Amino acid sequence: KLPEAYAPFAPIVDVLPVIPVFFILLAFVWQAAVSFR
Amino acid sequence: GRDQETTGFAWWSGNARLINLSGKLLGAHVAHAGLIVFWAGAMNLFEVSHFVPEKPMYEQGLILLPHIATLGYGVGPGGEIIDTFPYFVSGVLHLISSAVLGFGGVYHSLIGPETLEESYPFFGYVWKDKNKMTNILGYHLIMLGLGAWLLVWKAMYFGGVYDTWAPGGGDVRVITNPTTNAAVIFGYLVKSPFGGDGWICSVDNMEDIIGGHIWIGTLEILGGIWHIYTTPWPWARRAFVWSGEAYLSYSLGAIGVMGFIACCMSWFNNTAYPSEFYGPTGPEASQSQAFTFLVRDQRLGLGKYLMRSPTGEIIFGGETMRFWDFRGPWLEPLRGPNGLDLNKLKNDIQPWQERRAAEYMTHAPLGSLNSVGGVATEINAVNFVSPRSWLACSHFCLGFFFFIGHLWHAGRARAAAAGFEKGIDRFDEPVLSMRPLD
Amino acid sequence: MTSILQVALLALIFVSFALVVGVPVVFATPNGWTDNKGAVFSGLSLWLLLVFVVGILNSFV
Amino acid sequence: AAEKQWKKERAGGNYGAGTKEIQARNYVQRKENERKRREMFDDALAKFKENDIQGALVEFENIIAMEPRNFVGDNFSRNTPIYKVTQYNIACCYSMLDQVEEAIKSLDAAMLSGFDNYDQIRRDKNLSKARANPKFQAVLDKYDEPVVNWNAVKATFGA
Amino acid sequence: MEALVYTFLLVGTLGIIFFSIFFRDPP
Amino acid sequence: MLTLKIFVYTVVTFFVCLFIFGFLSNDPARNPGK
Amino acid sequence: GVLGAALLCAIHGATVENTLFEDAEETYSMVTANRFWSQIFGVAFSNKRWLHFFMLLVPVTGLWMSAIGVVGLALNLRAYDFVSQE
Amino acid sequence: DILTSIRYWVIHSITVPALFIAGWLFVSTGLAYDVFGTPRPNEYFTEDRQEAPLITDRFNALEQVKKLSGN
Amino acid sequence: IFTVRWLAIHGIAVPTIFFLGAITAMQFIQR
Amino acid sequence: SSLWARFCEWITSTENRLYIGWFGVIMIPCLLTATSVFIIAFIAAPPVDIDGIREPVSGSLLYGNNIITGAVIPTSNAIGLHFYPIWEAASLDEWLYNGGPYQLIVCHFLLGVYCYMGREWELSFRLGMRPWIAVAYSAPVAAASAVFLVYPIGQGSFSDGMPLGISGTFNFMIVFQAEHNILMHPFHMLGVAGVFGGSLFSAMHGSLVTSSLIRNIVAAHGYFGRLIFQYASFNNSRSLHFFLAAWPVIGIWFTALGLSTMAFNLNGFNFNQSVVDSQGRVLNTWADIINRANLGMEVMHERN
Amino acid sequence: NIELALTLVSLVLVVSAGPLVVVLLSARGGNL
Ligand code: CLA
Ligand code: CLA
Ligand code: CLA
Ligand SMILES: CCCCCCCCCCCCCCCC(=O)OC[C@H](COP(=O)(O)OC[C@@H](O)CO)OC(=O)CCCCCCCCCCCCCCC
Ligand SMILES: CC1=C(/C=C/C(C)=C/C=C/C(C)=C/C=C/C=C(C)/C=C/C=C(C)/C=C/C2=C(C)CCCC2(C)C)C(C)(C)CCC1
Ligand SMILES: CC1=C(/C=C/C(C)=C/C=C/C(C)=C/C=C/C=C(C)/C=C/C=C(C)/C=C/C2=C(C)CCCC2(C)C)C(C)(C)CCC1
Ligand SMILES: CC1=C(/C=C/C(C)=C\C=C\C(C)=C\C=C\C=C(C)\C=C\C=C(C)\C=C\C2=C(C)CCCC2(C)C)C(C)(C)CCC1
Ligand SMILES: [Fe+2]
């Protein structure tokens, strides 16, 4: 497992791998706000 | 950004508006590299957190940990985890480097100048130019050669690399005499891809791998030096298309081929991908099952488990006859000059070989998307899909898609160079200047 | 001293979230590179310091 | 004439015999035009062999003018095979008549339209006047860049 | 003679395909 | 059977050489307009 | 019938999308597509009416024959075995 | 004639949660099992029956189902 | 106003919301 | 001119009845050899030991089979993945007994179809048209490669490839469903959806266009909008035809990728024993009957 | 479950960042 000093921060790590997927959605929402000019 | 009217590209082709903007393209590339290292660090940390060092690395779905292990960090003889700190430090270092690269990417993407041609002539290129592109290619070739030589240096003057063919199971060894002989190195390239010959996937000993990396590093450094101080030959100018999309097409084709090669290497090879970390290959699982049954019934002349090969060697019987080209560290000692050695099959079978074979028997590369290990007709008992299957499937899909990308972009590049990307002339089209077909 | 290490790491998380949510909104805004040209920059230094702050402590944890 | 009904069927997109006669007419017209261009080129060369340089230049220019539009060669040429040699002859004939700037412009156009034989340009004597203008060498290096950057490698080896 | 009639039918189909390819009427 | 092997190798090499030289023969794409 | 219908859909879409005119009158060149498919495959459509009617006709006939077969199965009238092979 | 004004989002912000809570209560209270006759997880196999029930009748189906359903 | 489009939208939507709530409640229970 | 000049002019000539580009130089001999060997083997070929246990399977026309049951048996299992040319067999009879013709035909046919895909682009470039028909053709060729090449590689033997026949195709499909749950796999689901949608859209487009005939794209668009409530889509003919091209191609790409993934033993969903009861008594579902059928197929498939 | 609750709150905080940035740029009048 993770080292004890960083043990309480394990739940945050449990969501870290998903953020890179969210960037294409961020691009889509940016284009939508721009209204696809 | 920009609109369709001023660029001619819709929103779903928006990145195509960056072809003529050097600074924006550089920022986008840097941000994407930041994304890559972000995923590397985040996945490393996630797999470290969900890690039980007692169990084998392949019983739980780890992908990057086998990599860091086969580099030779925190691994004892036989694949035991000495400690799990280097994995953590690798993950956190990759994450911090990701933060740096992401900041650089966003800065270059939306603060810095759109075009670098004027202010900074050194970092200024036009796709039509044929010398600055070679300069960039030479710089990046130098970088790749430095990386390969860094790998060689690590394997030769540091803790070493995990050699899985060490006697009595795999161990972390320091290579002391890599094979620099050109003949043996390029025999892999000239080798056949069928049957016993697996092309570069057939590499077995770590000495050949290290020697080949030495050769590739020095060749890449020399090629970079050559390309920095050179302009393409006239036939090279006549044969290629010099535009951004053409370079992208070439890269896509090369990277798709590399994806296919990686799929094959991950599925078949078991030396650069040690079985202690990625699990046994399909042929390894079948041969191990046959060997385990043979020894179990022996302790109870072919012994209802041996057979003659099509060329005349002793091989394990049953359907496993198809996997008779397999070579493994736990089976080579029992091998003889002509197939398996009956006397060696009868005696001198160390308990560790039997234990490893039994362990590999129950973890054959079978699985399901639902994550239910075993055959498709088996009930839901255990969840296990081998990392080899995941790697092979994912990279085969990526290689196929990137080959399709090469096709598309190469076609479009040729059409744009010829001036056909818009459509038919509507006034003088080539077909109207042709004799009617008979 | 794991407690102060955890406190500093929480501070690092907070400052990183502030930086990631503030840098794009101060860059894309018109003439946003000027008014905070040092200010935001200074924050980055702090961020950098913070990671080294949690580096040395790891050697003494 | 038949162009009206060819356009009529084209507006619907049904091919048919209406397009066939237009296609044959265009094919035979371009074949005879190419033959006429070839014979004009031969006549211009013959008249150039014995002075009469202005007449040969005019004939070659007329040959250039009668160029097909949006040409697509069998080997993906995108230009008439006689086009490059006629452009080079324009460059040569003008170069023998001073006016070096337009002559090197025509040579640039010729090299743009093919004519990879850069050695002939260097060894040509008729372009000797073009040798006087350094813009000739500028266009040549734009279209023929020596592979090895000798000065940079010599400078690096020096230090 | 079943193989004979099968082969004859297949060869007839191939001949029809060839004639359609090479002996089509002009537009 | 070695003669058949040599025959097949010669045929394949001839065809591949013809293919490569043919693709080397043609000239690069260019826009006559601009 | 069903596989041929899918093939026709793909061919028609790709062919129309790859013979467009640059911009009443048609948006694509029928002559160029006809030449291409005549010199690639061997036969090619020359009438828009016939092409689109063929696209209509193929799947309907395929499904109708399938329905007739299922009607036959409803009475256990099966093309099950070859007596000579048995 | 799209109307996504605040008026819409305030008039429809009361009935929708009411419907959601109604469905949640419908499932939780157990009315779903009673209305549709779906057996509860502790009623699939009764004391007298320990296998999948069989109908094997047409005009006697009603009271036969009532008998073999434990009621 | 009880126009036809209103009738169609509400008839499609109300059972959808009810069923979504029911299915979430099913998710809540063991299985 | 040189003989090479005239040869090049004839090869790249666009006046031939069938265009034969530089890609065609490899396409024609390869396809001709493939079809010649296929015809000769299908009409007359000795039984092939598909399993390597001296139990030959006959598939020729002269050995009893009719058109439906005839096939070219895939190569033996003793060969494995070894390259098996006609010049490495001990004898011609031995080559026939181990199913060499299957290997020869599949190799030449794959090379031919790849060169055909290249030739499509070549002629598209010659005529001055946008070169993306090859991309559309890339889907059936990818499916053929996955059927004939990738799956044997994953399974470790050419004997697992699709037999060149009809009954052989059915046997391959049934055995595949037995070993891998093909039907309960998302990529096969998208393949089926792509094929069905391709047929549906082909019928719809054909009907609309042939019904909008003048003695009118606007009239057809209005009819379609009034029919299926789609008032704000497919107004542009170019977009409509692009969607027509895109749907089946993507479906076939995904089903070929699913085939390739299963080649490495990554089967579909396995919802066996999923629904349970209090005290842990399994309650059957439709997936359980599917499992029973797969179990029967797998049990009867084996021979030892 | 404190761990699950912390996971969900961290997830919502980390996912709301991008929409917050785009909304702020839209309202203030940035380059967007
Ligand atoms: C990883 C993939 C990737 C990358 C690197 C880029 C990068 C880029 N795109 Mg592309 N794009 C992509 C995917 C990508 N895009 C996809 C998938 C689509 C389809 C929807 C598009 C569609 C598209 C269009 C239509 C256009 C671009 C444009 C651009 C450029 C400027 C965008 C801009 O002005 O931002 C402005 C963004 C905002 C105002 C809102 C977002 C604010 C930030 C950047 C979001 C990220 C913040 C980050 C999380 C915080 C990091 C903190 C840091 C300290 C680490 C830039 C080079 C434009 C361009 O330059 O063309 C000329 C343009 O016109 N893109
Ligand atoms: C990824 C890195 C990379 C890239 C993109 C390039 C790209 C290029 N190089 Mg560079 N080069 C590199 C690495 C790279 N090189 C390295 C590492 C070296 C050191 C060995 C060199 C040494 C080098 C020299 C010495 C020369 C080039 C040349 C060229 C150009 C011609 C391409 C070519 O070889 O013809 C197309 C590809 C081939 C003909 C394949 C040949 C590969 C070997 C010999 C046989 C492989 C057989 C294979 C099955 C395919 C057969 C193809 C058939 C035509 C024979 C092109 C711009 C030439 C040029 O004009 O630049 C000045 C040139 O003279 N390169
Ligand atoms: C690193 C490789 C690379 C690079 C730099 C580019 C760059 C570019 N491509 Mg190319 N392309 C590539 C690979 C690449 N492509 C591959 C592999 C394919 C085959 C699929 C394509 C197919 C392709 C087409 C068909 C087109 C482009 C276009 C473009 C341009 C605009 C980008 C775009 O589509 O808008 C921004 C990106 C998007 C809008 C895409 C967002 C939606 C996608 C589908 C998300 C998919 C995610 C999905 C979950 C992935 C699952 C994979 C899994 C199944 C394995 C740009 C020059 C377009 C163009 O204008 O050409 C000039 C265009 O028409 N590309
Ligand atoms: C190098 C490539 C070599 C390719 C060789 C293969 C080419 C195949 C050519 C098939 C022609 C079929 C007859 C067309 C008859 C014909 O003349 O059609 C002509 C027709 C064009 O008609 P028009 O547009 O001129 O019609 C005008 C109207 O007035 C109606 O007449 O073309 C088509 O309909 C396209 C559909 C092709 C459908 C192809 C089906 C293929 C079936 C193959 C069966 C194989 C059996 C094998 C048994 C062993
Ligand atoms: C251009 C653009 C774009 C994109 C962008 C991008 C993609 C960016 C990226 C960026 C990035 C890529 C970033 C990154 C970042 C990162 C960071 C910032 C990190 C940090 C880290 C941390 C914070 C950690 C921490 C920790 C540790 C150390 C371990 C464990 C514990 C803890 C968790 C504490 C789009 C398309 C969308 C749209 C348009 C515009
Ligand atoms: C390290 C290593 C190694 C090795 C490595 C090496 C040695 C590599 C090399 C590699 C190489 C050495 C590669 C090469 C490649 C090549 C290529 C890839 C080519 C290509 C070409 C092309 C692509 C061309 C094309 C064309 C033609 C054909 C003509 C016309 C024009 C064009 C351009 C289209 C070993 C195994 C020892 C160990 C392990 C690892
Ligand atoms: C890792 C981490 C970090 C970072 C973070 C970030 C940077 C994030 C981002 C995130 C993002 C950036 C996100 C985004 C998202 C988005 C979304 C989640 C969406 C959703 C939903 C929906 C529903 C949508 C929809 C839509 C679209 C958009 C498309 C189509 C149209 C529509 C409208 C429908 C830090 C270092 C600070 C700290 C630690 C943790
Ligand atoms: Fe149509």
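Any read-out appearing in this document is the output of simple, stated calculations on the displayed coordinates, not a laboratory observation. When we count neighbours, we look across all protein chains shown, and the Cβ atoms used for this are built from the backbone with ideal geometry, even at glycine.
Which ordering of B:267, J:95 is given by a fewest-first count of other beta-carbon atoms within 10 Å? Walk me through the intermediate numbers first.
Working: B:267 26, J:95 21.
By the 10 Å Cβ count, ascending: J:95, B:267.
Apply 1/(1 + (r/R0)^6) to the Cβ-Cβ distance of residue A:32 and residue K:4, taking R0 = 35 Å, and write down the FRET efficiency to the nearest 0.05. Let's see the in-between values first.
Values: r = 32 Å, r/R0 = 0.90.
E(calc), rounded to 0.05, equals 0.65.
Taking the Cβ-Cβ separation of residue K:15 and residue B:127 as r and a Förster radius of 35 Å, what is the calculated FRET efficiency to the nearest 0.05?
Numbers: r = 38 Å, r/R0 = 1.09.
Once rounded, the FRET efficiency stands at 0.35.
Remind me, relative contact order of region B:1-143 in percent, using alpha carbon pairs under 8 angstrom and six or more residues apart?
Across region B:1-143, relative contact order equals 35 percent.
Taking every Cα atom in chain B, find the radius of gyration and the maximum pairwise distance Dmax, and write them in Å.
Values for chain B (Cα only, Rg and Dmax): 26.8, 88 Å.
How large is log10 of I(q)/I(0) for region B:321-418 at q = 0.15, 0.21, 0.24 Å⁻¹ when the intensity is taken from the Debye formula with one equal scatterer per alpha-carbon?
Computed log10 I(q)/I(0) values: -0.84, -1.09, -1.19.
Please compute the modelled spin-label separation between residue C:16 and residue H:3, points set 7 Å along Cα→Cβ, answer in nm with one decimal.
So the two model labels end up 4.9 nm from each other.
If I stretch the segment between residue D:74 and residue D:151 completely, what's the gain in nm (0.36 nm per residue apart, minus their alpha carbon distance), one decimal? Kindly include the intermediate steps, with their values, before the conclusion.
Working: separation 77, 0.36 × 77 = 27.72 nm, distance 4.21 nm.
Stretched out fully, the residue D:74 to residue D:151 stretch lengthens by 23.5 nm.
Residue B:55: which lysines have alpha carbons under 24 Å from its alpha carbon, excluding same-chain residues fewer than 8 sequence positions away?
A:1
Which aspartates and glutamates does residue F:5 reach when only Cα atoms under 14 Å apart count, and residues fewer than 8 places away in its own chain are ignored?
Here the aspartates and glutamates satisfying the reach criterion relative to residue F:5 are J:88.
With viscosity set to 0.692 mPa s at 37 °C, what whole-number translational diffusion coefficient in µm²/s follows for region D:49-120 from Stokes-Einstein and a Kirkwood radius over Cα pairs?
Working: Rh = 12.8 Å.
The calculation lands on 256 µm²/s.
With a cut-off of 8 Å between alpha carbons and a minimum separation of six or more residues, what is the relative contact order of region D:10-159 in percent? Display every interim value, and only then the final one.
Working: 104 pairs, mean separation 21.6, N = 150.
In percent, rounded to a whole number, it is 14.
For residue B:174, what is the net charge nearby, where nearby means another residue's Cβ is under 15 Å from its Cβ and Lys, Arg count +1, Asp, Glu -1?
Working: positive: B:154, B:173; negative: B:163, B:171, B:207.
Spelling it out: positives minus negatives among the neighbours equals -1.
If you consider only alpha-carbon coordinates, what radius of gyration and Dmax does region B:292-356 have, in Å?
Cα only, region B:292-356: 11.3, 31 Å (Rg, Dmax).
Would you list J:107, B:263, G:9, B:397 from fewest to most Cβ contacts within 10 Å? Numbers along the way, then the final one.
Working: J:107 17, B:263 25, G:9 32, B:397 20.
Ascending Cβ contact count within 10 Å gives the list J:107, B:397, B:263, G:9.
Between residue B:371 and residue B:21, take the C-beta separation as r, use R0 = 45 Å, and let me know the FRET efficiency to the nearest 0.05.
0.50
I need the Debye-formula profile for region B:1-121: one equal scatterer per C-alpha, no solvent, reported as log10 I(q)/I(0) at q = 0.10, 0.13, 0.17, 0.20 1/Å, two decimals.
Treating every Cα as an identical point scatterer, log10 I(q)/I(0) equals -0.49, -0.66, -0.83, -1.01.
Would you kindly calculate the translational diffusion coefficient of chain H, applying Stokes-Einstein with the Kirkwood radius from alpha carbon pairs, for 37 °C and a viscosity of 0.692 mPa s, and quote it in µm² s⁻¹ without decimals? Please list the in-between numbers first.
Details: Rh = 16.1 Å.
It diffuses with D of about 203 µm²/s by this estimate.
Taking the Cβ of residue B:187 as the center, what net charge do the other residues with Cβ under 12 Å away carry, scoring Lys and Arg +1 and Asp and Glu -1? Present the calculation step by step, with values, prior to reporting the outcome.
Working: positive: B:191; negative: B:197, B:208.
Net charge in that neighbourhood comes out at -1.
Need the list of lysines near residue D:142 for cross-linking: C-alpha distance under 26 angstrom, and skip anything on the same chain fewer than eight residues off.
B:128, B:130, B:132, D:84, D:105, D:125, D:129, D:154, F:34
Normalised by the empirical 2.2 N^0.38 Å for globular proteins, what value does the Cα Rg of the protein assembly as shown take?
Numbers: Rg = 36.0 Å, N = 1280, 2.2 N^0.38 = 33.4 Å.
The protein assembly as shown yields a ratio of 1.08.
Counting only other chains, what is the mean number of Cβ atoms within 10 angstrom of the Cβ of each residue in peptide H:13-21? Intermediate results must be reported in sequence, preceding the final value.
Numbers: counts 0, 0, 2, 4, 2, 1, 9, 7, 1.
For peptide H:13-21, the averaged partner shielding equals 3.
How charged is the neighbourhood of residue J:259? Take every other residue with its Cβ under 13 Å from the Cβ of residue J:259, and add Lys/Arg as +1 and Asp/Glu as -1.
Summing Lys/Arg as +1 and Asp/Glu as -1 gives -2.
Under 19 Å from a point 7 Å along the Cα-to-Cβ line of residue A:21: which residues of region B:59-86 have their amide N that close?
Once the point is set 7 Å along Cα→Cβ of residue A:21, B:61-64 turn out to lie under 19 Å by backbone N, inside region B:59-86.
Roughly what would the spin-label model give for residue D:46 and residue H:55, points 7 Å off Cα along C-beta, in nm?
Roughly 10.3 nm, to one decimal.
Rounded to whole Å and sorted largest first, list the principal axis extents of the Cα atoms in region D:34-159.
Taking the Cα atoms of region D:34-159, the three principal extents are 63, 36, 19 Å.
Averaging over every viewing direction, what projected area does the convex hull of the Cα atoms of region J:36-90 cover, in nm²?
Numbers: hull surface 17.3 nm².
Projected area, direction-averaged: 4.3 nm².
Give me P(r) over chain J, computed from all C-alpha to C-alpha distances, binned every 20 Å, as integer percentages.
24, 47, 26, 3, 0
How many percent of Cα pairs in region J:1-137 exceed 22 Å? Could the numbers behind the result be given before it?
Working: 4847 of 9316 pairs.
Percent of Cα pairs beyond 22 Å in region J:1-137: 52.
For the pair residue J:94/residue G:22, report the inter-label distance in nm, with labels modelled 7 Å from Cα in the Cβ direction.
My value for the distance between the label points is 6.4 nm.
Which residues in region A:9-23 have a backbone N closer than 14 Å to a point placed 7 Å from the Cα of residue I:27 along the Cα-to-Cβ line?
Within reach of a label on residue I:27, which here means backbone N under 14 Å from a point 7 Å along Cα→Cβ, region A:9-23 contributes nothing.
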